[PDB]
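Reading through the structure tokens given below for one structure.
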Amino acid sequence: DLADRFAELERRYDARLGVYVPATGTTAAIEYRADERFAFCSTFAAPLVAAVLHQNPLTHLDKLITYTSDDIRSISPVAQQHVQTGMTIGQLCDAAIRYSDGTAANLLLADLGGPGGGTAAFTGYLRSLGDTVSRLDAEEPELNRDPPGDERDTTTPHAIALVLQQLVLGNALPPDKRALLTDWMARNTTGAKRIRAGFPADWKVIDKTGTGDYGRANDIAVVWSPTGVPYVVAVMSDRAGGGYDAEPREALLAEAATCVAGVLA
Ligand SMILES: Cn1nnnc1SCC1=C(C(=O)O)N2C(=O)[C@@H](NC(=O)[C@@H](O)c3ccccc3)[C@H]2SC1
Ligand SMILES: Cn1nnnc1SCC1=C(C(=O)O)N2C(=O)[C@@H](NC(=O)[C@@H](O)c3ccccc3)[C@H]2SC1
Ligand SMILES: Cn1nnnc1SCC1=C(C(=O)O)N2C(=O)[C@@H](NC(=O)[C@@H](O)c3ccccc3)[C@H]2SC1
Ligand SMILES: Cn1nnnc1SCC1=C(C(=O)O)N2C(=O)[C@@H](NC(=O)[C@H](O)c3ccccc3)[C@H]2SC1
Ligand SMILES: Cn1nnnc1SCC1=C(C(=O)O)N2C(=O)[C@@H](NC(=O)[C@H](O)c3ccccc3)[C@H]2SC1
């Protein structure tokens, strides 16, 4: 039984684990703590890039954004290297997805604009996709830091799975913009040890990870079977029992994904 397996993983990793896989015509939804809130961490970058793509003509990707020393205040593997030249919106989208670049995410929030440095407009974008649960309240790095149980900067496995389903498999974006989002997630550099690790090599996986304080580790993915049948997989976790400095445990996500893959294979 899946729920027993997931509960065993929670005990193993001193963690809280949330899992959602939407139903298909032949598979029931998989749910474990699916409606409990967990911090987004960088998983929000996927719908953030969708929002920026949706909002603008595609040639907005070529607009140069300049930024300075006081803009680098979070892990930013790409933006730190390009601070002297600026980055285009397309480069920012690439970095935000593929490297979880926090400065890139903050600059994209600013590009979206409006109250809360773009966080209200981001939340509004999710509302437009029928998500009345998720909320973004802070930028990077603060959005990773809310205490366990705090609702700020949270989604749920169920909510984020349904959002990602619309973005990747549905019609939230026109095909040209959808392809940009999907390809950036396909070329992600941060997810090899999470959902990807739980699915056989002949399944395709595209994903966006998140990692935060209090042992937070997330991954949201779309996977395709070897015959092209897609599934959406959201796995979220935290480790409040270890306090603020608890390490994220990628292996919890890999094991959870292995259990999911066993059901879907
Ligand atoms: C196993 N796993 N999976 N996901 N997260 C983890 S471990 C959590 C984690 C730790 C930690 O110490 O344990 N960190 C560092 O150490 C910091 N390194 C950097 O800030 C920086 O060098 C960097 C950031 C990103 C890419 C390359 C370089 C960060 S990176 C996040
Ligand atoms: C997804 N991909 N990329 N490279 N190889 C693949 S798997 C082959 C494939 C499958 C399938 O059932 O094998 N598809 C879907 O599922 C249908 N749509 C989407 O995936 C779609 O919502 C989307 C359309 C346009 C741009 C981005 C996303 C098609 S797309 C072709
Ligand atoms: C309960 N127990 N007993 N023995 N092993 C365990 S649990 C295994 C384990 C976990 C874990 O994931 O569970 N860790 C963290 O999280 C990491 N802590 C830090 O990075 C940080 O707080 C720190 C870095 C340097 C000096 C002091 C603190 C390491 S500690 C090893
Ligand atoms: C790829 N890699 N390689 N080694 N470790 C990695 S992890 C990939 C990664 C992700 C992610 O998308 O999973 N991130 C976030 O989410 C952002 N979290 C924060 O900035 C954050 O404040 C924070 C960072 C670390 C510890 C506690 C809080 C960053 S951090 C880098
Ligand atoms: C670019 N790169 N190189 N290697 N991995 C990478 S990817 C980024 C990354 C870095 C880094 O260097 O940025 N890491 C550390 O530093 C390690 N942190 C720890 O193991 C950890 O917190 C710890 C636990 C217990 C005691 C002491 C330290 C890992 S975590 C992954």
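Following Swiss-Prot, chain A residues are numbered 43-307, in order.
Method reported for this entry: X-ray crystallography, 1.2 Å.
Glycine is no exception: its Cβ is also placed from the backbone N, Cα and C atoms.
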Substrate site partner of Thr251, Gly252, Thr253 (as recorded in Swiss-Prot), chosen from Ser142, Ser170, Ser176: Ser142
Three-state secondary structure, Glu182 (active site, proton acceptor) (per DSSP): coil
Integer Cα-Cα distance in angstrom, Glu182 (active site, proton acceptor) to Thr253 (substrate binding site): 12
Environment of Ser142, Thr251, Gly252, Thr253, the listed substrate site - residues of the same chain whose CB lies within 8 A of the CB centroid: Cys83, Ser84, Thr85, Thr232, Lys250, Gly254, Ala259, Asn260, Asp261
